Amino acid sequence: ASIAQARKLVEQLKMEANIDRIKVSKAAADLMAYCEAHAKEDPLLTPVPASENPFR
Amino acid sequence: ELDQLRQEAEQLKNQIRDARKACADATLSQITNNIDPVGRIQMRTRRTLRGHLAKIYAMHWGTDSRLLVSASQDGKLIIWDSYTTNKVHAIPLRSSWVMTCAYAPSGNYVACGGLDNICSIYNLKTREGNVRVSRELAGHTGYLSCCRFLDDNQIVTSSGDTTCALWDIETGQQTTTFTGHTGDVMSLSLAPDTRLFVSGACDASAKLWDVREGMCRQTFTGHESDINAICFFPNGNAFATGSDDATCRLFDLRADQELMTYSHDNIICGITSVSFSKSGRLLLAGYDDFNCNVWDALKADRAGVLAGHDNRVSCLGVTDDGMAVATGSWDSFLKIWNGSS
Amino acid sequence: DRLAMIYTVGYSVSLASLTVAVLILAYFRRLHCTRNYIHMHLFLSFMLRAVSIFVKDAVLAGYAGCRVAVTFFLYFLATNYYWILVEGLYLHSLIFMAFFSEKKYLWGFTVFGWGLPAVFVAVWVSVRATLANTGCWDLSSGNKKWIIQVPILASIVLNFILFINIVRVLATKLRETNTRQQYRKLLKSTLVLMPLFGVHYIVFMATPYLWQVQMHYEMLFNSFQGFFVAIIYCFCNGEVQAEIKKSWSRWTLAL
Amino acid sequence: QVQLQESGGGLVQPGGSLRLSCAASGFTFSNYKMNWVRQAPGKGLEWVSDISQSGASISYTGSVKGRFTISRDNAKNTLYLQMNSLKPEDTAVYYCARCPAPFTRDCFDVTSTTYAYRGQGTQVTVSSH
Amino acid sequence: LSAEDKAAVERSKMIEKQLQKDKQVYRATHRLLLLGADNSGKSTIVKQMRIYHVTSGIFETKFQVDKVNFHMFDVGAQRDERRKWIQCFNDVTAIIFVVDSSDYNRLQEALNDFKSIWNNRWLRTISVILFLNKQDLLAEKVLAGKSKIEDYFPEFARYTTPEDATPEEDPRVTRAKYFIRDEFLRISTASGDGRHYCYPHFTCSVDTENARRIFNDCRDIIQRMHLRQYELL
Ligand SMILES: Cc1cc(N2C(=O)NC(=O)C2(C)C)cc(C)c1CCS(=O)(=O)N1CCC2(CC1)N=C(c1ccc(OC(F)(F)F)cc1)NC2=O
């Protein structure tokens, strides 16, 4: 019961403790580059002219 | 007996925390300081979809970014033509207490569910032109909170019984079940690669699940209250979380820790909905103070406020192309926001 | 000299207050309801009465213009009391029955309030044209003036009865819910809902049956009736004030 | 991660006095209302007392009214519970529970079987010896 | 183009007509929420009042009194935690609360449950219809007297029967039965403002007038809410 639940929790925590990890700086850069690459493709970031806007 | 297991769990948690702290080379604020600020962003209500009776608890956009499905507490599932405001469908629900709705990528199916624990799927593409219940799913004890479509044959469902299940349309059976949470699971988002999805529950934690394998990948902590809404950043490599502590956190699948905290001293209301834009620079999060604030995902600044709602906002969604954003609320109105050059 | 200036300035300020009240009650979508619709109808009736009194006193010999001005003045005087009665009846119906039909009841109330005074005024005009049809209709031709006065008195009596009833039910509710605060709330409610226009009408009508001061008081009351209505029923409204504050906050946040 | 670690308890003679403290971390102690719950053996979880964010509002259950004193230290982010003149029916597991949401006076699932914002608890036992 | 637009406009008009038709039906029915612990006899009052008729998680019960539609919802197969799905019932006319007054152990738990509902941010404009069920059991327990209230509620010793009380019956049962009523009234008015009020009623396991009390309370709530809109009360 409780012993089995604790064993399952320990197994889950051990499986979540053996994974490849990348530096947080690289993780932040991966999002910054993606944001700056699609900056001009975002209608919310860059307003779209009403000529081609489907919400006139 | 339990003492040794508890000690081992504490040691594992300490090791995980130490590993996360060691990997903290820097922070997002330092690297984003030398970037151009987003500045003030103006949002204007282009369309106002009215006709719902009770409060709206969920909405979803279609693949074409033109048809959206809205679910309200009066037991009506209305599909709206956002371009012309016309209502293309009005599906009456068997149970009025609905809490979620989903639009299939093909557009031929729509799903909904709530306190009835029933995931009802409707076949929109029918010869007779009348929407009918394709099938019903009954395998979750807790109240259904969220549901998303993988394809025309597979559906991922989040329930309030601390479990997540994946169903199939053909037989209506749970192919796999995800049992790793301790609180009610409120919302889940599917990554663009469709390989894996993330979810958040009422335990101040979020879990990343593998659809095919059926086991949790990583867990995330840091929030001080129950997780209310979760969304996947476009690159599918990160996701954002919102809770009742008036704070939005950003998590990354590789760093395995929080990236940047979006919060303000003035804001004290919890989060109800959250979503990202096409580029991911704009983070839109719901709030209980009757408005939505646009958050910069990098600079952690309030780009704008969507104060065109009377009651608290419960759902908000961004089109696939990012053309427009639709924010539902408890005032039985849907607002479509867009800018102007 | 000064009396005419006071009269015209009071009627101009009343017209401006009623017009701006209509503007607030029609522009804001959050204030769209049957109660607000009847409030707008009452405000429009007051506006029309003020405009009719200006037209009449500007264009005081039996020409069609003076006759139509008198007809409009009588109609717009009757419609004010009839719309007060309509508001009282609507509130009494809301209190005394949960079941309601918003569109049907609103249309019925509007039709009643805009038609029964119209029917009575048309009957009076037909009677005046058939019987005497001499000179302007300013002078009362004996009992023929009772065609319009009697419905107004009946409406005033019915409104007074409804006011007594709602005061009684409010007192019962306050006693049931369980004081200085309760007494103050009841006093404010009855003071707001107390019909003084009706009793003023009866006393002004009976007075001929001190003349200078009575006429001055009647003129001042008629001039400032609209101003008082707009001040106490639109500017002091909690919903209107809340909407104005929300709009001001949104405008400040926008810039 | 939000966690609570109760400290104190043990074997105390009936009619005695003991003091136990609740340690908190991972969240703002002042912003969250904190409650005290009890679980007697063979019985479900029961509420004892709660303390407000600033300590202005303080309440106790009838069974222990006028017997226990609760102290809240925002600077030390720990919750205190002082007990004296105990009774043989007071032996139970004292669980330190936190209200789910901040800036709110309502706490629904504090006395829940599987509540998430609660500690492991400390056993307190009173008996003649 | 023109034909497709006309067809879409016609379909939208039909949908709007259906919504307008179903608006009156939705407004006619009054939504109610039934809450209580396991010891409380919610099922007893559900089955007793079911004679007024016109896995699962939530049950729906429809009964008609005085030609008024009344729909109440009772939560079944759901988890113990309820801080999340309780926000869905913010638009109900009233919340029916069933309390076991003949236990003296779960009474404090019922008091705490009342505190959470009354102090809830979203459940602030909803009146609570209190149903003190099992009053027959409270009466018999008082006379025999093995279990008392002082050991559980020390303030009961200094309690005095209110003058406004109307006993229907030895003084012992009415003093204790009104003492529980006083406890619930003081909790409701401790922090709640005039937005909502608590209506306490005396309920048994064989009474058939429970539907009438719900209709009377719901009518009072509607009347007070109308007065609040008019700012008269
Ligand atoms: C009920 C209601 C409520 C509201 N409100 C709402 O919605 N929110 C709110 O706050 C309020 C404003 C309460 C709004 C309206 C339009 C009405 C109908 C208002 S009426 O048509 O029935 N009518 C009642 C009769 C009436 C005219 C107006 N009044 C006076 C009167 C007496 C004394 C006076 O002086 C002083 F007061 F004694 F000082 C001044 C005037 N003489 C009359 O004959």
Side-chain angles (χ1 to χ4, degrees), chain C residues 10 14 17-18 20-22 24-26 28 31-50 77-96 106 109-110 112-114 117 152-170 185-205 217-218 220-230 232-245, chain E residues 194 223-233:
Chain C
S14 150
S17 71
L18 295 174
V20 68
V22 152
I24 324 190
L25 275 205
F28 292 103
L31 293 172
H32 266 239
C33 172
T34 288
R35 176 178 42 85
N36 283 309
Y37 290 152
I38 303 160
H39 295 358
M40 264 186 13
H41 280 307
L42 196 95
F43 297 157
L44 262 206
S45 184
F46 268 90
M47 292 177 72
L48 289 169
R49 183 191 184 219
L77 171 66
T79 47
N80 258 0
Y81 295 110
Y82 261 79
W83 270 111
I84 293 162
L85 177 59
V86 157
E87 193 92 71
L89 281 165
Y90 170 64
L91 173 49
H92 200 280
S93 73
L94 272 190
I95 293 311
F96 268 45
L106 188 269
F109 279 141
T110 278
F112 165 84
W114 286 126
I152 294 193
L153 298 184
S155 166
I156 285 160
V157 167
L158 207 65
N159 187 53
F160 191 77
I161 292 166
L162 293 165
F163 153 77
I164 272 179
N165 210 248
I166 163 167
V167 152
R168 177 190 66 88
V169 305
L170 272 164
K185 192 83 209 48
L186 188 49
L187 183 271
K188 201 256 181 166
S189 295
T190 170
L191 262 204
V192 159
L193 259 174
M194 168 213 267
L196 272 188
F197 302 164
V199 290
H200 276 64
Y201 201 72
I202 305 115
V203 301
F204 288 162
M205 150 162 0
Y217 182 57
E218 172 154 8
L220 295 174
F221 163 80
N222 277 17
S223 64
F224 284 93
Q225 203 183 48
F227 199 31
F228 296 152
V229 160
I232 320 172
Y233 294 113
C234 178
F235 297 151
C236 210
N237 212 290
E239 323 200 325
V240 175
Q241 278 172 229
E243 289 300 321
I244 294 169
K245 290 203 207 266
Chain E
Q223 291 174 345
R224 286 176 182 275
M225 183 176 282
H226 276 130
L227 289 166
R228 167 87 56 246
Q229 284 167 354
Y230 258 103
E231 274 255 328
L232 297 176
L233 205 141

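As a basis for the values below, the full set of heavy atoms in this structure was taken, side chains included, without hydrogen atoms, waters or symmetry mates. Below, chain A is the first sequence line, B the second, and so on; all start at residue 1. In each ligand, atom 1 is the first atom listed, and ligand 1 is the first ligand listed.
- Each of C:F224, C:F221, C:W83 was checked for a ring-ring contact (aromatic ring centres under 6.0 Å, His included) with C:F197, and the lone residue meeting it is C:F221.
- Across the listed options C:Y233, C:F46, C:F43, C:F235, C:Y233 owns the non-hydrogen atom lying nearest to atom 19 (C) of ligand 1.
- For ligand 1, the polar-atom distance check finds an N/O of C:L196 within less than 3.5 Å of one of the ligand's N/O atoms.
- Remark: the backbone N or O of C:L220 is paired with a side-chain donor or acceptor of C:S223 at under 3.5 angstrom.
- Residue contact check: C:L193 has heavy atoms under 4.0 Å from atoms 1 (C) of ligand 1.
- Heavy atoms of C:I232 found under 4.0 angstrom from ligand 1 belong to the backbone as well as the side chain.
- Considering C:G88, C:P195, C:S45 only, the shortest heavy-atom separation from atom 25 (C) of ligand 1 involves C:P195.
- Classification of E:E231 and C:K185 as a salt-bridged pair fails, no side-chain N sitting under 4.0 Å from a carboxylate O.
- Not a single heavy atom of C:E239 sits less than 4.0 Å from an atom of ligand 1.
- The distance between the ring centers of C:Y233 and C:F43 does not fall below 6.0 angstrom.
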Mind listing the side-chain donor-acceptor pairs of residues 152-170 of chain C below 3.5 Å, one per line with the distance, residues two or more places apart or on another chain?
from   : atom 1 : to    : atom 2 : distance (Å)
C:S155 : OG     : C:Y81 : O      : 3.1
C:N165 : OD1    : C:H92 : NE2    : 2.9

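- Partners of C:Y90 by side-chain hydrogen bond (donor to acceptor under 3.5 Å, both in side chains), not counting sequence neighbours: none found.
- If you check each of C:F163, E:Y230, C:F197 against atom 2 (C) of ligand 1, the one with the closest non-hydrogen atom is E:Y230.
- Polar contact with ligand 1: absent for C:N159 (N/O pair, distance under 3.5 Å).
- Aromatic pair C:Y217/C:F204: ring centres closer than 6.0 Å.
- With a 4.0 Å cut-off on non-hydrogen atoms, C:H39 touches ligand 1 through its side chain and not its backbone.
- Using a 4.0 angstrom heavy-atom cutoff, C:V229 does not count as in contact with ligand 1.
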